[PDB]
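S.K.:
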Amino acid sequence: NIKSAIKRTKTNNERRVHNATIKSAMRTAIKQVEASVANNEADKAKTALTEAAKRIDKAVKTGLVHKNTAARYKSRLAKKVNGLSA
Amino acid sequence: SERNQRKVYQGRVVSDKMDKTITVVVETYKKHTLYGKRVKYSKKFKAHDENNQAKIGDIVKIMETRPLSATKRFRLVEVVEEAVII
Amino acid sequence: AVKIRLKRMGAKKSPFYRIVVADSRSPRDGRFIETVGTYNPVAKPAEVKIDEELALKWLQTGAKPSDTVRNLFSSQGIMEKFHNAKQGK
Amino acid sequence: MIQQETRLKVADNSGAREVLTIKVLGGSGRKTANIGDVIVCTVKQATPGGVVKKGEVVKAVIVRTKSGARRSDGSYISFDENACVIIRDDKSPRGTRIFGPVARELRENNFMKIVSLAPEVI
RNA sequence: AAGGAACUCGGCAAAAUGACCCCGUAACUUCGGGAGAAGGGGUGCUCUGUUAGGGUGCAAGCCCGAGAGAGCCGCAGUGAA
RNA sequence: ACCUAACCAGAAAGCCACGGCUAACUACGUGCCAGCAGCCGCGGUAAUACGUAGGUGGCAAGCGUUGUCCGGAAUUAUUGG
RNA sequence: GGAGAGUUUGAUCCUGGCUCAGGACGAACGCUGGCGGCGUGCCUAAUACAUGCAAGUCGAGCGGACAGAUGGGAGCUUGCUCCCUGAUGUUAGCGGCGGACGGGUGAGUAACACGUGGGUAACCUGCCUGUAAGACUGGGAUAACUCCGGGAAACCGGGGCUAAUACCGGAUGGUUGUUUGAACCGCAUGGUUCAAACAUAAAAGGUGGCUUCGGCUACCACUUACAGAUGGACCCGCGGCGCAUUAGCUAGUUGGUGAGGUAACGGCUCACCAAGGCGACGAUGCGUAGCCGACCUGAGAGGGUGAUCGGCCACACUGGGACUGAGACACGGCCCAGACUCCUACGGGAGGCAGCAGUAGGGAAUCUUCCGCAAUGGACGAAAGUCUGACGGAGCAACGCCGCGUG
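Top line first, the protein sequences correspond to chains T, Q, P and d. Start counting at 1 in the first sequence, then tack on 2, and there's your number in the entry's author numbering. Start counting at 1 in the second sequence, then tack on 1, and there's your number in the entry's author numbering. Start counting at 1 in the third sequence, then tack on 1, and there's your number in the entry's author numbering. Residue 26 in the entry's author numbering sits at position 26 of the fourth sequence, with consecutive numbering throughout.
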């Protein structure tokens, strides 16, 4: 019989929803720029690198990123995107 | 400005069949806390031969590197004494 | 941060603090950072001598007192004289 | 449709696992017993900690059959596994819970304790 | 159908199990077995895919093909004997 | 808490042991019966050993019994067989 | 700083065990029982639990909502109600922080778990110091609030409305990633520092006070970069246990390459390749057990225990799981399954005393269902304050230690 922070339970539900929206948006965007790096596309490679970059830093710069894992993901994605376009 | 003293004891070359990790353990001495008399013993160790240029049975001791594999901790230093074969 | 505050010690009839520097939220009679001081409440009355040579490094190295730590270290000429350390700001 | 020598798995926490029929109780007599019919039985297999043990002759009561229960209103109840609940000399059961769904025709017998102890009386 | 040896001197008889590949396999022993012990899982098709790799050939060409990933459809994939 | 005044000796002592190891002794009853006991062992009509009574001795708001651990244990020994 | 004595014999000495004198407890029991002070009191069943309190706080973040000094107008009662404004006080919800510290228990685990000693060119750190930059321009939401609904309850749903320190675009920012030019130094990995292009934020907050009413300013805030500090994470040397009537073990195992993953190396997890690796210096397997500072005993070496206080690890009805967050796989948070209890309108709901007491069981064996935030530490605060079964105290028990008495 939860005394205090049952409203912390409801805040964990709503915060879990909004945080799942931002984080899952980051994962789906990262698969999107990775898919654009799947084929040999030049202009979609750089602009999509800007898309997964901006959504990547906008996701890791607030909440569940946080810093080093974001640098790993953007680093490997920068290696593939720099590979497919030079 | 040096403070870290990551150092490894020099030991013989036990085996090099594990490819790129030629590991052998060197032997130190111990005192028996009840009886007193000196009793030595080995202490095995994998040694990550990066160039793979070790000789099995040639005394070459190297210093301890980071966690490099599953219980392979020491990096190579140099083949200090070559094996005498034939 | 490390709140340099008191810590109970003594018998059950009379408690006398010996206020060592401590962690952020350690146990009461438990782990402390680096003990400097001793100041009983009674006897006779309130006679306690503090460090002020490393305690200036503790109060200047990022810390704060409690209520009784602030009144005590402000009474022994260490909080004000440390403020004269900050008076060269 | 549960005649002599019909191994009925049990449906309670009384200790038992498989119940073997001996004689349906009604009359001279009969050879079938559909649903809600008291049988003299033994227990062939049991969970090891139990008051009713293997080789003990204690009566029982059907709950489910792969044979149908025929309600008098067109709809038919028919389960997929046979059943028993074990009774101690009155229609209060020896068991504690009664697992699984339960044919509702027991309530029209004198088994009103057995209905109350059982989750989906349909 | 539902129950399964209650039939019967007796599971008589029928029903059942079964092909490969793999896992796995006890007491006991004369050391070989037992042992196909036991008990389990996979298989149809399409594509990747003139697969890997072999046999044959100068190449062309056939044969012989494990292994896998994606996908299909059926109650059922040694669909039958 | 502590201090001061008054009052009353008024309310405030028991447990174990008394052959040895081990401080501490005699009588009555019992008569291999009831019993004790850590070991040695007592008890079968003169019991410093069983109960009872006086006395003694140890200790003390405590005293014995038992459980466990250490020492004695040079009876795991390196000191030290 | 160390004491021995008895006991084998008809007598003797060796050898050899067996017992006693001494100390100690988290003791219990037997008898008895004045007091004070200081500590101690579920060690057995981590057994199950009735009942009460154990984590709240922020009006100086927010939009309400109610009451309401004071003032307004009406009707009558010459004192009242009716409708407004409003200092003011209060709180349900949103949001921020705190529930990961504190408290308890040893169930587990014979290894990186503990102790010690290194290392981290392999980690991260909210709150707090100190530094220095910033805080520009906008958006649409939504609980509240109502109107209907379905529910026995627990509770859910749907339609309308709003705000913030809620969320979300853009500029700006390197330092936060990617490419190049270097410069210096290392421990293979490489590290430190300088430059140039692509991406990544801000509470315009609130409080006051002032002002020309444009704005100003201080304090408490928000972000970014740095170092500090406090914490944890990882790797490794060495140490601490009964058994060979346990000699075999191991196939993600041993190692490589590649990809993914986390704060991070790493078979951590997978694909592909190779056939490795551990063991008499005891692998594996059974057993037992939280470890340490230490405590007790011994002349000392040693032997035994891990109570109470502290340090670390573990666990939270049993077994998994992940979310919020800086940080948990979370003791009074959630989801699932199992067990056990309670409610039931049979459709479904509710719970976790190994927190403080307390009850039943177990047992030889262990207590009061008390007082208070006066201190110290926390939490939240601008502070005032609120919570604090931590703590500070108390009540019982000769339970231990010490002191005094019964002349």
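Virtual Cβ for every residue (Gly too), placed ideally from N, Cα, C.
(1) Under the three-state reduction of DSSP, which class applies to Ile2 of chain d: helix, strand or coil?
(2) Report yes or no: do three or more beta-carbon pairs, one from the segment 7-25 of chain P and one from the segment 79-86 of chain Q, lie closer than 8 Å?
(3) In whole angstroms, what separates the C-alpha of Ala54 of chain T from that of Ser26 of chain T?
(4) Grab me the residues of residue 132 of chain Q's own chain with a C-beta within less than 8 Å of its C-beta, minus the 5 sequence neighbours each way, in chain order.
(5) Residues in the same chain with beta-carbon distance under 7 Å from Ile35 of chain d, minus the five sequence neighbours each way, listed in chain order, please.
(6) Going straight from the alpha carbon of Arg9 of chain P to that of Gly38 of chain P, what length do you get?
(7) Among Q:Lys62, Q:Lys45 and Q:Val27, whose alpha-carbon lies nearest the alpha-carbon of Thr72 of chain Q?
(8) Can you give me the C-alpha to C-alpha distance between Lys69 of chain T and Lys63 of chain T, rounded to a whole angstrom?
(9) Measure from the alpha carbon of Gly85 of chain T to the alpha carbon of each residue in T:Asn3, T:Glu16 and T:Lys48, then state which is nearest.
(10) Can you give me the C-alpha to C-alpha distance between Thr34 of chain Q and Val40 of chain Q, rounded to a whole angstrom?
(11) Could you give the first and the last residue of the continuous alpha helix (DSSP H) run that contains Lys9 of chain T?
(12) Would you check if the distance between the CB atom of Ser67 of chain P and the CB atom of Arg6 of chain P is smaller than 8 Å?
(13) Quick one: Cα of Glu36 of chain T to Cα of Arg17 of chain T, how far?
(14) How about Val85 of chain d and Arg107 of chain d: do their beta carbons lie closer than 8 Å?
(15) What residue ranges within the segment 58-83 of chain Q form continuous beta strand (DSSP E) runs of no fewer than 3 residues, ordered along the chain?
(16) By DSSP's criteria, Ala48 of chain Q is part of a beta bridge. Which residues make up the other side?
(17) Work out the CA separation of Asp45 of chain T and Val39 of chain T for me, nearest whole Å.
(18) Considering only DSSP beta bridges, list what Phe33 of chain P is partnered with.
(19) Excluding the 5 residues flanking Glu48 of chain P on each side, which residues of the same chain have their C-beta closer than 8 Å to its C-beta?
(20) Report yes if the CB atom of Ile8 of chain T is closer than 8 Å to the CB atom of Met28 of chain T, and no otherwise.
(21) Whole-angstrom Cβ separation of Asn13 of chain d and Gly95 of chain d, contact assumed at under 8 Å?
(22) Between which two residues does the alpha helix (DSSP H) harbouring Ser76 of chain P extend?
(23) Any idea if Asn82 of chain d is buried or exposed, counting beta-carbon neighbours within 10 angstroms, 16 or more meaning buried?
(24) Kindly provide the ranges of any beta strand (DSSP E) runs that are 3 or more residues long and lie completely inside the segment 37-86 of chain T, ordered along the chain.
(25) Give the straight-line distance between the Cα atoms of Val27 of chain Q and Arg4 of chain Q, rounded to the nearest whole angstrom.
(26) Excluding the 5 residues flanking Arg7 of chain d on each side, which residues of the same chain have their C-beta closer than 6 Å to its C-beta?
(27) Give the DSSP bridge partners of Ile39 of chain d, in chain order.
(28) When the Cα atoms are used, what is the spatial distance from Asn41 of chain T to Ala31 of chain T?
(29) If you draw a straight line from the C-alpha of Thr32 of chain d to the C-alpha of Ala60 of chain d, how long is it?
(30) Kindly identify the DSSP beta-bridge partner or partners of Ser78 of chain d.
(31) If you count every other CB in all the chains shown that lies within 10 Å of the CB of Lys62 of chain Q, and 16 or more means buried, which is it?
(32) Pick helix, strand or coil for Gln54 of chain Q, following the three-state DSSP scheme.
(33) Have a look at the DSSP bridge pairing and note the partners of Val19 of chain d.
(34) State the start and end residues of the unbroken alpha helix (DSSP H) segment that holds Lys113 of chain d.
(35) Start and end of the beta strand (DSSP E) containing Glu28 of chain Q?
M.R.: According to the structure data:
(1) Secondary structure of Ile2 of chain d (DSSP, three-state): coil.
(2) Because the criterion of three Cβ pairs below 8 Å is not met, the segment 7-25 of chain P and the segment 79-86 of chain Q do not touch.
(3) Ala54 of chain T and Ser26 of chain T have their alpha carbons spaced roughly 13 Å apart.
(4) The requested residue 132 of chain Q is not part of the displayed model; chain Q covers only 2 to 87.
(5) Excluding residues within five positions, the ones whose Cβ falls inside 7 Å are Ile62, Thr65, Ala69, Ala103 and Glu105.
(6) About 13 Å.
(7) Closest option to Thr72 of chain Q, judged by alpha-carbon separation, among Q:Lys62, Q:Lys45 and Q:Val27: Q:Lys45.
(8) C-alpha separation (whole angstroms): 8 Å.
(9) Looking at the Cα atoms, T:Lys48 is the closest of the given residues.
(10) Distance between the alpha carbons of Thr34 of chain Q and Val40 of chain Q: 11 Å.
(11) Note, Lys9 of chain T: alpha helix (DSSP H), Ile8 to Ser38.
(12) Taking the C-beta atoms as reference points, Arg6 of chain P is found nearer than 8 Å to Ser67 of chain P.
(13) Straight-line spacing of the CA atoms in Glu36 of chain T and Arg17 of chain T works out to 28 Å.
(14) Contact flag unset, no.
(15) If we require 3 residues or more, the beta strand (DSSP E) runs fully inside the segment 58-83 of chain Q come out as 65-70 and 73-76.
(16) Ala48 of chain Q is bridged by DSSP to Q:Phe75.
(17) One C-alpha to the other measures close to 11 Å.
(18) Beta-bridge pairing links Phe33 of chain P to P:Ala23.
(19) Result list for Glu48 of chain P: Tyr40 and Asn41, in chain order.
(20) Not in contact: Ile8 of chain T and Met28 of chain T (Cβ atoms no closer than 8 Å).
(21) Cβ-Cβ separation between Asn13 of chain d and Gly95 of chain d: approximately 6 Å, consistent with a contact (criterion under 8 Å).
(22) Here the alpha helix (DSSP H) through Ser76 of chain P covers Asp68 to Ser76.
(23) By the neighbour-count rule (16 or more Cβ atoms within 10 Å), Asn82 of chain d is buried.
(24) Contiguous beta strand (DSSP E) elements confined to the segment 37-86 of chain T do not occur, taking only those with 3 or more residues.
(25) The straight-line gap from Cα to Cα measures roughly 26 Å.
(26) Same-chain partners within the cutoff: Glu18 and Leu20.
(27) Under DSSP, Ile39 of chain d forms a beta bridge with d:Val24 and d:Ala60.
(28) Distance between the alpha carbons of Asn41 of chain T and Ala31 of chain T: 16 Å.
(29) One C-alpha to the other measures close to 15 Å.
(30) DSSP lists d:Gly68 as the bridge partner or partners of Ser78 of chain d.
(31) Per the 10 Å Cβ criterion, buried.
(32) Coil.
(33) The secondary-structure analysis by DSSP pairs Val19 of chain d across a beta bridge with d:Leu8 and d:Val43.
(34) DSSP places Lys113 of chain d inside the alpha helix (DSSP H), whose first and last residues are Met112 to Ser116.
(35) In this chain, the beta strand (DSSP E) harbouring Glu28 of chain Q covers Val27 to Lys32.
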